[PDB]
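Enquirer: Sharing an experimental structure here, sequence included.
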Amino acid sequence: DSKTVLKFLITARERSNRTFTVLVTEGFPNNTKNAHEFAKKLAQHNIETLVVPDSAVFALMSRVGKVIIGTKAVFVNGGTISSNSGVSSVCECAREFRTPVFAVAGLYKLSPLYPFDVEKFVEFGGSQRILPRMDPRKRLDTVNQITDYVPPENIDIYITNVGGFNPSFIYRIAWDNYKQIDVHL
Amino acid sequence: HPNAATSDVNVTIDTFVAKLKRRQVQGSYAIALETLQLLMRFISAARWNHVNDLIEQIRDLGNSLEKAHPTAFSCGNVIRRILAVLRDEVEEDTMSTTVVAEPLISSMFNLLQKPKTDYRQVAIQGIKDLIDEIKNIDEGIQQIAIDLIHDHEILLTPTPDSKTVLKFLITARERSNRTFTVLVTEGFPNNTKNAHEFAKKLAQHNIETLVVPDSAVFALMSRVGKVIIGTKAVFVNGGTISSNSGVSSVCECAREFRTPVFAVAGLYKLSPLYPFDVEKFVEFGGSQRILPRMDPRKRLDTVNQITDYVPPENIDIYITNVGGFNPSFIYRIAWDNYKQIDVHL
Amino acid sequence: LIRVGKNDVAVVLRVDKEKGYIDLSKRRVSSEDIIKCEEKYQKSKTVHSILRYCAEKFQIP
Amino acid sequence: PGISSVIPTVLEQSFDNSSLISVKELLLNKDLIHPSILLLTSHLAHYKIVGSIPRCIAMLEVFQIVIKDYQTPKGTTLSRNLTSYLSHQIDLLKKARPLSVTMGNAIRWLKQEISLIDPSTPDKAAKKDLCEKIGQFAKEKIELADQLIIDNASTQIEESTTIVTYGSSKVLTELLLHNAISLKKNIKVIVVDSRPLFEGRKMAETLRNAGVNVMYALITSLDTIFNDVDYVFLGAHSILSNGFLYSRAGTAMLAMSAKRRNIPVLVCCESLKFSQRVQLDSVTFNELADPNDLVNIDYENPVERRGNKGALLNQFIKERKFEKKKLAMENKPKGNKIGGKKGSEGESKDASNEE
Amino acid sequence: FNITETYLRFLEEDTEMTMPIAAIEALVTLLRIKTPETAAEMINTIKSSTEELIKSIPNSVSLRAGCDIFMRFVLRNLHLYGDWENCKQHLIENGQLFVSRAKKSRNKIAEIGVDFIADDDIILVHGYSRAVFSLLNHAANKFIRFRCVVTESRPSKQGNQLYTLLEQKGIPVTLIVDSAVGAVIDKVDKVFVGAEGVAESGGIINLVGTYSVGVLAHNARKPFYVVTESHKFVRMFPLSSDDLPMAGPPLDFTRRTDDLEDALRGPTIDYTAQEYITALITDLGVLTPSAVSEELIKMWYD
Amino acid sequence: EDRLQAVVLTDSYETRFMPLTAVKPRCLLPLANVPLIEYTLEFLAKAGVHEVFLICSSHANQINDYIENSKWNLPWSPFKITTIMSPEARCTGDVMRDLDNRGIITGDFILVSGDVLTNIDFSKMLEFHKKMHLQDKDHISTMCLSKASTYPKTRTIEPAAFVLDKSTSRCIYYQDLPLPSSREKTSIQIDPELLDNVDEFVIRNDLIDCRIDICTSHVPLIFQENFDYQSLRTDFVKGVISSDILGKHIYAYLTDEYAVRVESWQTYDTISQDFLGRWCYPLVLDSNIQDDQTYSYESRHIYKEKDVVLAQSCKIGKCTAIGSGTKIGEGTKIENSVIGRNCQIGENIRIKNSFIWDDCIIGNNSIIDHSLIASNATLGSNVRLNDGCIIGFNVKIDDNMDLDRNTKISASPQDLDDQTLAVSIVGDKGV
């Protein structure tokens, strides 16, 4: 969705001689419209676009070479909280099938705070755009989360304005701009 | 038990031994054929009268053959199959002589609970059956072969030494609309020339050939989709003896990458005795073939091996002339070809 | 760096005139003084060399 | 003036960006160019022994020699068309054989030196000092580091050894020699050879020159060996900012095998060979050579038989290519030996920003 | 005067003291007797004393590390280029102060860095460390709901001791067998560690059985953690999966000699690899990913 | 191509084995834990035999017994052993004469002197010989020579400097020199009789003796004619060069693969080592040749028969082989040494680079370095042997001895020091 990621993609496309294939997962809740917008923008310049269902990753991951994410929140041990919708399962799949992961990031977007528990940092989301009318909600229990956390076990490169960094090393980078004192107050 | 009873009945044992030792016989098929011929000779000549005694004699012969040579397996297997064939007929004969026979299915508890004669023709027929089985393996698998590999996918192929594997590959390649890329590893001190030949053949066959140095497997593994073992012999717990050199490492790599490992062989290559070890089975080549010199080469003790063993773990599926069997299933198949008492000689 | 052969300029800080414990310092020596030290060391070396070969030849300590 | 043209064998399909092709046989070049550099480049091109350590040293030596020989013009200063000359030389080098991380470092150092003494100085005063400085640098950052590494290695063995080895790298060989001689331990060395350029054979020769108990094997022949045997060693060329091992040929497979058989591997590193450049794949930038590296059959290198194969361009519909430099797995090798004795590969760029 | 004597002095109490902190204090005390102005009569002597201590060791690892830390501190101290007196005085001061700081660090660990067991995440802990127990007790104090899981320690019956120390708080616990470790990974969340030392390579210098545990954790993908008072980085490199500087023999192959004797020599010290530290609780702020290595680099300026 | 008889010179190179060969015939001695004759026989079979003939002499009864024992004896074999029995003690000319007298001589008959065992396939060689014959009437006999490790060093008895052809493969000069051992007669000659006819002169020395000859109808007749050729190498080739029978061709087969014949003791050891390793293409003991054999192959270049036991905790170098009926104790330091059939080991023994024959007790605290112990000869307590100590028949090495390097000990139940009776000479004992 973001103008950074989009710009990066445009830059990539400018040298069109390089053979790159664009697979876009819709992202169940809010990401769909954004995805569509992105596709439209791609079409404006003339870039090939393929639409991916979120359920189907296991049947595609063995074919996919490289993965790029445009995350919002970057963390200590190498993990990220990204701009919503189904990332964790995908990452797990990648880990299983062994797949390289890139990320467009910024050190100002990087946080010196450490995520220690899954029970807290994972943010649950609205069931407004899931099921119409609220009388079935009496007995059934709809479980839904919008924004998701990524474990550092998967991603390996963080392409920034400075350069690509290792996830089990990004702490040093963070500290080359932030401190240990300004955390707990 | 060596040759002593054989007079003006059978002489060709010595010839067989010679063929085994100094290698005038080449290719498993040829060995199998030889074995069949030997069996035929045995049948057309030897004196019968009793049945149990004949069986004992056959067992003794088998034992002798085993003593003579271990690295040949097809020969053994064929003999075992023939024995099994004989056995059923013998059982039938016994059942007639005695005169309940079958409850519902083939059942256990048979080892705990108590269970003029013609057979020569049946033995002959068994040999014919064996011959038929041998005839063609590829004409029985290539229908379940152009089924696994598809468009824009990439193969990784070690061991072009087995004649079946090459043929299978050719069959896979046949199509005009389908396109795929093939990686071929060498295996230097025992299989280089063969590999080169295979590459040449691939080139001839209008396919995108890729020459691989044995080191450069790792820098291309990200694109790898399939693994095929060029095996020559098959065993009890699914395991296989390969047609020599440069497979094991590749297999290990595949396992690490969790990248599909298929096995192509044949059920005549199937043996009813367990690989108790690898040391007794796998043999070493020639230490002279790697490095020249001799007089200061007493210090330079060099190690090179031909044959290769793969564990019952890295293997996944065995599509045969009959169909797709599995590593944890082949025992039943073995039983169906070679019977209970026939294993232990 | 700094292994075997390379010369290090030093000024004596603390001397134990009883058993033998010597303290030395490199940074206290000024840039002008280093050269002087080297010259003195060179001279000393020459003196030692002078009294080495000669000592050997006549066969006396 | 200079023209390329005429490329041998099929160009395949994949890996089509890197400079590897052309001027193998000499036929007309530029006029007032010093030929020693050219000779060196030629040597580098037709070399079968060199590996990581010595090339850069050789280059440095050549540069020193050039400086010693260098004539300051009768009218113009020390640097005017000198820079142009240097550029030309660099281009020639590139044409001959790719500039590695070490080469880049050397170039950087040269640039720094140039910056330090800029257009003001006469003939035999500036270069007199410069040469000496260079010598001092050579004495410092390299030889002493090597010595340190050797000493680290010396202590690294405690009680009993049975080792499997691979690599052209001089340091490893030196270590092995040390083990053989000035330590008098119960050392055992098993050698692994590689096809493209011969290293294993060289290692064996070196061992012989000492008189060691030596087993010998190759890339594929691995499984039967381990039937008691513990230690495993490797030698790397260069490590990037990423932390991944951007080294030569057959290492990774061996490492994997070692991991499987339950006793890990240790590789040796240098406190200079680190790059700003970022890569994680084979396609980006790789050492690539002419397919003549896989022609020879059996025993030795120079034999030549007219039996089965002996054509490349005539081999119609065929795509023959091979890789030299590999990108080995990060988590697999445990120990790394640099100037700070011992530490994990989690360092990555802990010397890059140190400058 | 002896550091050994000082070490002997503390035995039954402790629990509050932290490894090198006491050792460091002892060293400081030893120093502030025989004129700390000079450097020739001092540093060398200190080194000799440390060597002697090392020689005298029955079964203790972190002492060396402590000594090294002390040395580093001393080195840091004299760079001001003013006068010998002030620096000496400062050196003399910095021992009791260091000890005091340890307590502060412990407190910090116990109040800020305790958000790993909160949502009734069942903790798999083996190897008696004081820091771990402090964390436990202060979790109980905060009421931060929790359950405990401990594998039975039976080389010298420390398990019983551990159980007793857990009865003080008043919370139900269970016994676990270290062969039936594959049997239970079902309800227990993550594996946490109390150990002896932190490795140069990245792994952990720990007791009787750890590698298996690590393997199991890896299989289960339930992240492995280490809980320590963070200054036990011993100058030791475990280059292989089974090679270390050890207090005893490495898997002692015994001969059939007498009747029921040469077997009880259990390998009571073991190791697991560097690719296991998801997080390590350190008093210098929560920093782990390649932190120990960085620290080492900072120390040896390389 | 087909129907070829085998004639092998046996009972000839006795006393060349400097202590051995007096009581039992030369060939009957156990080579690599099992009789030498068998290997040779196998080789002959591989080559292409139709009837076996050996020129036995030294005590014929034992030879006859061996024949009776053997596998080629009864009907099943394509070739039977019936050895030629002649008057005692005679040279190769005399042997040839005897053969001629006997009568059974064919066209393309095979003559091998001594005992040889190598790998190279002989059919091709035979074909080549036939082709050569088909060229011209004047073609005689076949030579077997193989290339070695660049420089010569372990070669003093037969370092032949072969001046050879590439276009026709024909010898020009033959010379044996004592130059690597005793620098007295360093000499190389080029004869001018075939100088201005060949043009493609190649000077070589690095070739090894095999003494295997395929002989045409010319050879025995030639022998009969000329009584001066009592030998077969130094006189014969020279004679051929000189054109005694004017204008005749000889072949020189050159093979890249290794081929050596049996000659001395160090050479024997080397041969044994080669056999143990994988130096010749297929040659193995584990395949089993002689009836009662129960040999099996093992990893790390190790040979073990059945009824073979080695005990735990023996930290070792590389390559060890044991014969049947052997019991080995505990705690030994061994590097590259071989132990024979039914040899017993107590405890605590250091061994380095050795070969051991039939029934030799390796006693408590003993060192065997580059030295052989023969049949029934046994080592007792505290014996310190060194490099190249040669032991013969019934040498009962009992209590407390120290023998120096290259010491030779007498065999038969005389010319050389150290005798058959109790303790070898350090303190004088004997008759």
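Expert: Here it is on my side, so go on. Numbering: from 1, shown residues only, chains lettered A, B, ... in the order given.

Enquirer: Please tell me how far the residue nearest to residue D:18 when sequence neighbours are not counted sits from residue F:26.
Expert: With C-beta to C-beta, 6 or more residues apart in numbering or on different chains as the measure, residue D:288 is the residue that lies nearest to residue D:18, at 5.6 Å, once sequence neighbours are left out. (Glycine included, C-beta is placed from N, CA and C.) Per C-beta to C-beta, to the nearest Å, residue D:288 is found 63 Å from residue F:26.

Enquirer: the more surrounded of the two?
Expert: Higher neighbour count among residue D:288 and residue F:26: residue F:26, with 24 against 16, using other C-beta atoms under 10 Å in any protein chain shown.

Enquirer: who's in contact with residue F:283?
Expert: Residue F:283 sits next to F:117, F:119, F:275 when contact means C-beta atoms under 8 Å, 6 or more residues apart in numbering or on different chains.

Enquirer: What does residue 37 show for phi and psi?
Expert: Picked chain A for this. Dihedral pair for residue A:37: phi -60, psi -50, per degrees, to the nearest 10.

Enquirer: quick one: contacts for it?
Expert: Residue A:37 neighbours (C-beta under 8 Å, 6+ apart): residue A:1.

Enquirer: quick one: it and residue A:106, what's the gap?
Expert: Counting by C-beta to C-beta - residue A:37 and residue A:106 are separated by 22 Å.

Enquirer: so how many other residues sit close to residue 55?
Expert: In the absence of a named chain, this looks at chain A. With other C-beta under 10 Å as criterion, residue A:55 counts 11.

Enquirer: my bad, chain D
Expert: Using other C-beta under 10 Å: residue D:55 sits among 19 other residues.

Enquirer: May I see the buried residues of the host helix or strand of it?
Expert: Assessed by DSSP states H and E, residue D:55 sits inside helix D:53-69. Buried residues in helix D:53-69, counting neighbours by 16 or more other C-beta atoms under 10 Å in any protein chain shown, are found at D:53, D:55-56, D:59-60, D:63.

Enquirer: which strands and helices sit next to it?
Expert: Here helix D:53-69 touches helix D:35-45, helix D:101-116, helix D:126-138, helix D:170-180, going by 3 or more C-beta pairs under 8 Å, 6 or more residues apart in numbering or on different chains; DSSP states H and E.

Enquirer: Residue C:55: which of these is closest?
Expert: Of all the helices and strands packed on helix D:53-69, the one in closest proximity to residue C:55, counting by C-beta to C-beta, is helix D:126-138 (34.7 Å).

Enquirer: Restricting to C-alpha, output the helix holding residue D:55 in PDB.
Expert: Coordinates of each C-alpha in helix D:53-69 appear next as PDB, following Å, rounded to 0.1, in the frame of the first residue of the first chain:
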ATOM      1  CA  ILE D  53      45.800 -15.500   0.100                       C
ATOM      2  CA  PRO D  54      48.500 -14.800  -2.400                       C
ATOM      3  CA  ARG D  55      47.000 -12.900  -5.300                       C
ATOM      4  CA  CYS D  56      46.500  -9.600  -3.400                       C
ATOM      5  CA  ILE D  57      50.000  -9.800  -2.000                       C
ATOM      6  CA  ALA D  58      51.400 -10.400  -5.500                       C
ATOM      7  CA  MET D  59      49.400  -7.400  -6.800                       C
ATOM      8  CA  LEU D  60      50.800  -5.200  -3.900                       C
ATOM      9  CA  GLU D  61      54.300  -6.300  -4.700                       C
ATOM     10  CA  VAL D  62      53.800  -5.400  -8.400                       C
ATOM     11  CA  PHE D  63      52.500  -2.000  -7.400                       C
ATOM     12  CA  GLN D  64      55.600  -1.500  -5.200                       C
ATOM     13  CA  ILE D  65      57.800  -2.400  -8.100                       C
ATOM     14  CA  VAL D  66      56.000   0.000 -10.400                       C
ATOM     15  CA  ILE D  67      56.400   2.800  -7.800                       C
ATOM     16  CA  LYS D  68      60.100   2.000  -7.500                       C
ATOM     17  CA  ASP D  69      60.500   2.200 -11.300                       C
END
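
Enquirer: Of the helices and strands packed on helix D:53-69, flag the one that's most buried.
Expert: Most buried of those, by mean neighbour count (mean count of other C-beta atoms under 10 Å in any protein chain shown): helix D:170-180, with a mean of 19.

Enquirer: Out of the contacts of residue F:283, which is nearest to chain A?
Expert: Nearest to chain A out of the contacts of residue F:283 is residue F:119 (C-beta to the nearest C-beta; 47.8 Å).

Enquirer: now the closest one, what's its secondary structure?
Expert: coil (DSSP: H, G, I helix; E, B strand; the rest coil).

Enquirer: Please work out how many residues are found near it.
Expert: If we define neighbours as other C-beta under 10 Å, then residue F:119 has 19 of them.

Enquirer: Give me the distance between it and chain C.
Expert: 57 Å (C-beta to the nearest C-beta, to the nearest Å).

Enquirer: got it, and residue F:4?
Expert: Taken as C-beta to the nearest C-beta, the span from residue F:4 to chain C is 76 Å.

Enquirer: Name the nearest residue to that residue, sequence neighbours excluded.
Expert: residue F:48 (5.3 Å).

Enquirer: what's the answer for residue F:14, then?
Expert: Closest to residue F:14 by C-beta to C-beta, 6+ apart is residue F:21, at 4.0 Å.

Enquirer: quick one: the residue of chain D most remote from its centre and residue D:127, what's the gap?
Expert: Distance from the C-alpha centroid of chain D, by C-alpha atoms, centre = their mean, peaks at residue D:75 (41.2 Å). For residue D:75, the distance to residue D:127 equals 19 Å [C-beta to C-beta].

Enquirer: What of residue E:29?
Expert: In terms of C-beta to C-beta, residue E:29 sits 60 Å off from residue D:127.

Enquirer: Kindly report the same for residue C:43.
Expert: 31 Å.

Enquirer: what do you get for residue E:107?
Expert: With C-beta to C-beta as the criterion, residue E:107 and residue D:127 are 64 Å apart.

Enquirer: does the longest strand anywhere in chain F come close to chain D?
Expert: When chain F is parsed with DSSP state E, its longest strand is strand F:139-147. No - judged by C-beta under 8 Å from any C-beta of the partner chain, strand F:139-147 stays clear of chain D, getting no closer than 12.0 Å.

Enquirer: Only C-alpha atoms, please: export that strand in CSV.
Expert: Only the C-alpha atoms of strand F:139-147 are listed here, as CSV (Å, rounded to 0.1, in the frame of the first residue of the first chain):
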residue,chain,number,x,y,z
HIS,F,139,58.5,-62.6,-36.2
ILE,F,140,59.6,-64.4,-33.0
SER,F,141,58.6,-63.8,-29.4
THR,F,142,56.6,-61.3,-27.1
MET,F,143,58.0,-59.0,-24.4
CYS,F,144,55.9,-57.6,-21.5
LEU,F,145,57.0,-54.2,-20.1
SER,F,146,55.2,-51.6,-17.9
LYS,F,147,55.8,-48.0,-16.9
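
Enquirer: burial of residue E:213, as a residue count?
Expert: Count around residue E:213 with other C-beta under 10 Å applied: 21.

Enquirer: returning to that earlier point: so what's the residue farthest from the centre of chain D up against?
Expert: So residue D:75 contacts nothing (C-beta under 8 Å, 6+ apart).

Enquirer: Stretch E:254-272 near chain D anywhere?
Expert: No - counting by C-beta under 8 Å from any C-beta, chain D is not contacted by stretch E:254-272; separation bottoms out at 11.5 Å.

Enquirer: and that stretch, which residues are buried?
Expert: Result for stretch E:254-272 [16+ other C-beta under 10 Å]: buried residues E:267, E:269-272.
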